[PDB]
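Worksheet: the structure to be examined is printed underneath.
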Amino acid sequence: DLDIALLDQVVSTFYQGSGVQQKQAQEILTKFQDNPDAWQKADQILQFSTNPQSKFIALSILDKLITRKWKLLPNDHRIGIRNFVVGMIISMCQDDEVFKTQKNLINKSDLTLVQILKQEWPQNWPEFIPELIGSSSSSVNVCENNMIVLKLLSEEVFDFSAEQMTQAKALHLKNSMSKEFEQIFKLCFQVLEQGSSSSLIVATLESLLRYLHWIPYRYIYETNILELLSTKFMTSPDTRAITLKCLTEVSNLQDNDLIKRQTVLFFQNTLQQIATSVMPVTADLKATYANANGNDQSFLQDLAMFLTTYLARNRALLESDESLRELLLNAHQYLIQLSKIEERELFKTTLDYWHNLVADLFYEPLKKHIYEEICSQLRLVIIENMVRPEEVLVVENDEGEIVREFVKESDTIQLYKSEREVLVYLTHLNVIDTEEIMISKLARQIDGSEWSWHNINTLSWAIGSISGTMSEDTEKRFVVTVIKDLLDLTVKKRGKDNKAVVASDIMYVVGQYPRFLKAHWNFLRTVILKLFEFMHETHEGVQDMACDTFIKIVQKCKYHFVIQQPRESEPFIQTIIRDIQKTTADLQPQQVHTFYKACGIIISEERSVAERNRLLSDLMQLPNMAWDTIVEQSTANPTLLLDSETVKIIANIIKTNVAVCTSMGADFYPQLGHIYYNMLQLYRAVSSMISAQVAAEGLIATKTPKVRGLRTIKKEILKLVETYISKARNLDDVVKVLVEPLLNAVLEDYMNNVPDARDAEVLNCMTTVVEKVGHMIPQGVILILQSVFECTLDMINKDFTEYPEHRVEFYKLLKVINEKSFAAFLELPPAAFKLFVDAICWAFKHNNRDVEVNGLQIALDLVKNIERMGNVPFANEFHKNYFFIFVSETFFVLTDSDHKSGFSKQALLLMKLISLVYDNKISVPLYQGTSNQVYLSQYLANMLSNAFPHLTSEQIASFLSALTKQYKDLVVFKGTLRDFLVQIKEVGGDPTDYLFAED
Amino acid sequence: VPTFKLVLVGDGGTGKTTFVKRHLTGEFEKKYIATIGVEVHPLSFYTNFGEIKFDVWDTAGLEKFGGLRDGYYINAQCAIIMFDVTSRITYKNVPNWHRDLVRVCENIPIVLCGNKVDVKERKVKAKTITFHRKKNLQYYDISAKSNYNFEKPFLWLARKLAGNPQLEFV
Amino acid sequence: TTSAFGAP
Amino acid sequence: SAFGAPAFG
Amino acid sequence: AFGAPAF
Amino acid sequence: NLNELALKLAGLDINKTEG
Ligand SMILES: Nc1nc2c(ncn2[C@@H]2O[C@H](COP(=O)(O)OP(=O)(O)OP(=O)(O)O)[C@@H](O)[C@H]2O)c(=O)[nH]1
Ligand SMILES: [Mg+2]
């Protein structure tokens, strides 16, 4: 269809054009490259095209042919393609302009040759390596490119062969390269010591970097390549980084004093060479990194990787000899300088090592004196680089509400914890030095020499991280001093801006020292009351700080709020509850809810149940009065929920209940009961209004402010119920009182809602119910299935994309139903059990991990359930009806291109299914005295031959043979499956590959 | 005004397209609609030193939709490698994406991004993420949904490409 | 129950 | 109807 | 499609 | 005891103009 000139035009349009025409050219190119017979256009393209991009694409088409259908080709074609690719590579190498400016095409060509080597070498090309080595002496460019070829070969065989090749083929190629590496190393070594050309030597070092991953130690330690690397190539600016990378891998390669002294030697040479030719230990790397000449940033990255890797493995080697003391401390001084570089990922690399060191010094304090200056330096470095321990996300939800929420397990948070751990160690190693550094840094905030918001915050985070380290008495003197200075600093600073910053840090520090707070009630009470005072401060961030600190402190110190302290006439929680209208008057709703949540934490600490309920009652007085009032108004006004102000008040009422229930859990029951029935009634009301309007106006009604206000009420109600039930201690009251009205209210409404009004949160609510009490409500589970299964399935069985949330929640619900209450399927008509099996297989076919995990898990659990029933009519009938359905469907997703995330579960499921037959657990023939074993093999062989006709009969037999012998060894069984996955994508696969485990 | 080709690669469903389109429209798409081959999106950032433009080549992560695959990488001047912190296998495939990428473009600035850090059940822990170290890649935790480090990848790339460490988006 | 919210 | 009609209280 | 055997 | 410290803390005021 497309001749050469037109292809060149399409390529040029795609890469250099834009917009619609670029898009149109792409679709032409994609079709062209995917054409099975396109490879015959390839050599003509490679011969005649005036476009390097066209040639790149031609090589891709060639690669497809080589990796998939090489063995179909006559031996003439193979040699022809072979000679052509080799010839093409050589031409580009002798062409100096092309060699310099078309590296991507030459690399692509080299990779193509390596693909051929994977097919032909060495059994059909035994002289390749000798032919490669001698061709290197013909031209300096061919020699350089040969290093690239050898590099790619090593990568494809050792680095990326797993899952790309069968285990047998991979072993074959690894052993092949192992047998001929002797002469490869000779060429590599020779070039390294003789070589003039920078680009040649760099390329040689790049290849060696990959060899080091797998080559025998003797090539590294019984030659003198280590000495050559550590002396010659560090003085050179173009080879420094790549040499450090090689030595780093060497530092990851015993009872051997020779190898020990060589390990010491290359480190000694490298460090000496760096100090001599590159930079001294006193070099400001922080500034050097910041200017970033050429690739200096990468060199310093590679240096930190080298030092940390070596020292983590070989520090004890350098310590066992005092002549190496200078080398040891210089290495660590370099690390100190590197740790000052403003580059997080670089800093994290050093920190991982400092953690190793200071832990060792703690458990071996006799070595401590050696590193005293290093540690003192390190204390300051970490203190000055402490990151924030807490992060908050500000997001708009689906109802248009702006919501704060704390980040969990982020990189920043993990970094804080690592920094804290090191600082905790360092504090114990020398508490005086630690205290002196923090105090003097604080003094430099006071005198203004180092004053900034970032620096005072950073220091606060550092100080707040070492609680429980100094002993209680030293801690007391330390915190008193710190709070004193910070209080004076607040007075000293001009501007509400700066004052708020220091004040927030005062509050942060005290919140980090609960032992200090608990020991002194008057001070703790003073802290809380000032936080209350801050809740009236409109200055940005202050109220959030006050509320965050409040709940943080009560989390640690709750006990002191429920008991009656000395010189108090009542537990302070009573004081808090009474003034709650005044305290929270200026807060935003979300902040008020946090306040109530904090009170809930405290009230849960009351051991007397009568008094706990009384406290809860008093706490909820304001929202209950608002709720009671609105309940009364509901009787007097049928159009009550059309008032947006009323809707908003009701929303905040429920949110307040959710907040308190979150912290109180099981203790929240009496409050829940006070509103439960009216709340459920409210739910049906607002959900009806939503569904009615969505039906009349369509999907766009979901975005309207009115509907979103109603859906907020709807979702908060479900959230409240879910929150309590998940925390309930009394499951009887859940079942006997809560569940039945809940199911009637939400399941019926969900069922009668129009599809675009059904909330997936209902399914998630039901999942929580079933998880908690599903084993106690078999009839309730059935009602759930009757209400949500078919109507939800019909929403998600047209495509794989629509209603993404219902899809996830649907199969989460099905999983826990199948887990906790499988009895529900035993009572249901066959037509519905069929729908159940259909739904599972439908989840298999998703390119959606969140859906596919549960689909697999359900299938696994289902087979486990039925197998458990034993020799019983239901189990036996299931086997006749569905055994091969699951077998073939599992084999389908296994062999399909994009279901790799479920591979582990698929393999397990297949093992389990095979177990049912080859362990004779199925008491009944599966076919309409032939044993089930041989009918299974016949089914599979026929299934596989049909689906993959290019497979030989011996391939299939050998595969099924291995499978039915390995179904109890997961690791081996997986390996056999991966081998099969490799072989179904190519032609002429070796059937003896499946004997890999046995030999 | 300089235009820089940016190639965006990573496993399917990691959030590459939703990341780009939120940068373009401000909207966050909930549905997973797999990209087929590649889509090119002009994306401008106004800085304190004027406009900088990216031609974002949003490539397909699913194998059946891969298209030209590494053919898309030609003339790339920078790159983002994306994975999903809720899915271990997407991080496991990072070396594979990086491999195909640098074989075409041997010395371009590359950012590794762990997306979806807003999700509660995080599977790829922060301590585990170290691949970028030996490859000299930048790394960021990001969330296209909750606006966490949302502009960091483009900011770092812009500074690297413009050779200006003081570059800020305005 | 004690309320009569209803759906207008 | 395949699962049977729901009986709501 | 939804109800069909994949193979 | 920390009465002196508690009193100081109680005086914490970001709206005073005594910088
Ligand atoms: N929770 C959460 N979900 C996200 C985030 N980013 C994206 N997603 C979701 O993840 C899915 C990813 O969608 P896409 O952006 O199209 O995935 P992709 O990387 O482009 O996949 P391919 O086009 O096949 O290569 C979408 O359903 C998004 O809604 C995130 O930051 N947090
Ligand atoms: Mg996409």
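So you can find residues: chains in the structure tokens are A, B, ... in the order shown, residues in each start at 1, and ligands are numbered from 1 in order.
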
| field | 7 Å shell around ligand 2 using only C-alpha atoms and all ligand atoms, listed as a list in words | value |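 I would give the residues around ligand 2 as residues 12, 15, 16, 17, 33, 34, 35, 58, 59, 60 and 61 of chain B.
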
| field | Protein and nucleic acid residues within 8 Å of ligand 1 (only C-alpha atoms and all ligand atoms) as a ChimeraX atom specification | value | /A:804 /B:9-20,28-36,58-62,65,82,115-119,142-147

Residue selection dump (C-alpha atoms) as a CSV table (one decimal), in the first residue's frame:
chain,number,residue,atom,x,y,z
A,804,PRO,CA,-15.9,2.8,37.9
B,9,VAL,CA,5.8,6.2,30.0
B,10,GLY,CA,4.7,3.6,32.6
B,11,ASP,CA,2.3,0.7,33.2
B,12,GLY,CA,-1.4,1.0,32.3
B,13,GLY,CA,-3.6,2.7,34.8
B,14,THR,CA,-0.8,4.4,36.6
B,15,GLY,CA,-2.4,7.8,35.9
B,16,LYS,CA,-0.3,9.2,33.1
B,17,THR,CA,-3.3,10.5,31.0
B,18,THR,CA,-5.3,11.8,34.0
B,19,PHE,CA,-2.1,13.5,35.2
B,20,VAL,CA,-1.7,15.3,31.9
B,28,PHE,CA,-9.8,14.9,37.3
B,29,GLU,CA,-11.1,11.9,35.4
B,30,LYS,CA,-12.3,8.9,37.4
B,31,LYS,CA,-12.7,6.5,34.6
B,32,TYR,CA,-9.8,4.5,33.2
B,33,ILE,CA,-9.8,4.9,29.5
B,34,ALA,CA,-6.7,3.2,28.2
B,35,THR,CA,-4.6,5.3,25.8
B,36,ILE,CA,-4.0,3.7,22.3
B,58,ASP,CA,1.4,10.4,26.5
B,59,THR,CA,2.1,6.8,25.5
B,60,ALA,CA,0.1,3.6,26.1
B,61,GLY,CA,1.0,1.4,29.0
B,62,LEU,CA,-1.0,-1.7,28.0
B,65,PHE,CA,-2.1,-0.8,22.8
B,82,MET,CA,5.2,6.8,36.2
B,115,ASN,CA,1.4,8.3,41.7
B,116,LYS,CA,-1.7,7.8,43.9
B,117,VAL,CA,-0.1,8.5,47.3
B,118,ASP,CA,-3.5,9.6,48.4
B,119,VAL,CA,-4.8,6.0,48.6
B,142,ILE,CA,2.7,12.5,43.5
B,143,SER,CA,-1.1,12.5,43.4
B,144,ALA,CA,-3.0,13.7,40.4
B,145,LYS,CA,-6.2,13.3,42.3
B,146,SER,CA,-5.3,15.2,45.5
B,147,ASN,CA,-2.8,17.7,44.1

| Could you write out as a PyMOL selection string the residues of chain A within 8 Å of chain F, counting only C-alpha atoms? | chain A and resi 480+483-484+487+490-496+499-500+503+520+522-523+526-527+530

| What separation in Å, quoted to one decimal, exists between CA of residue 180 (chain A) and CA of residue 138 (chain A)? | 21.3 Å

| request: Name the residues in contact with residue 319 (chain A) at a cut-off of 12 Å, using only C-alpha atoms, excluding same-chain residues fewer than 3 positions from it; report them as an MDAnalysis selection string. | output: chainID A and resid 264 311 314:316 322:329 366:368 370:371

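Interatomic distance, CA of residue 258 (chain A) to CA of residue 193 (chain A): 23.3 Å.
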
| field | chain A contacts on chain E, only C-alpha atoms, 7 Å, as a ChimeraX atom specification | value | /E:2-3,6-7

Emit the selected residues as a compact mmCIF listing (two decimals), in the first residue's frame, including N, CA and C atoms.
# COMPACT_ATOMS: atom_id res chain seq x y z
N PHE E 2 -20.09 -10.27 28.01
CA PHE E 2 -20.25 -10.64 29.41
C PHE E 2 -20.48 -12.14 29.66
N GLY E 3 -21.37 -12.75 28.89
CA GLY E 3 -21.77 -14.12 29.16
C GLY E 3 -20.97 -15.19 28.44
N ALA E 6 -14.42 -17.23 27.07
CA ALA E 6 -13.33 -16.45 26.50
C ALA E 6 -12.64 -17.16 25.34
N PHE E 7 -12.45 -18.47 25.47
CA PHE E 7 -11.88 -19.27 24.39
C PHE E 7 -12.97 -19.70 23.41

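CA of residue 597 (chain A) lies 7.9 Å from CA of residue 656 (chain A).
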
| said: Can you work out which residues from chain A touch chain C at a cut-off of 10 Å (counting only C-alpha atoms) and hand them back as a count of residues only? | reply: 31
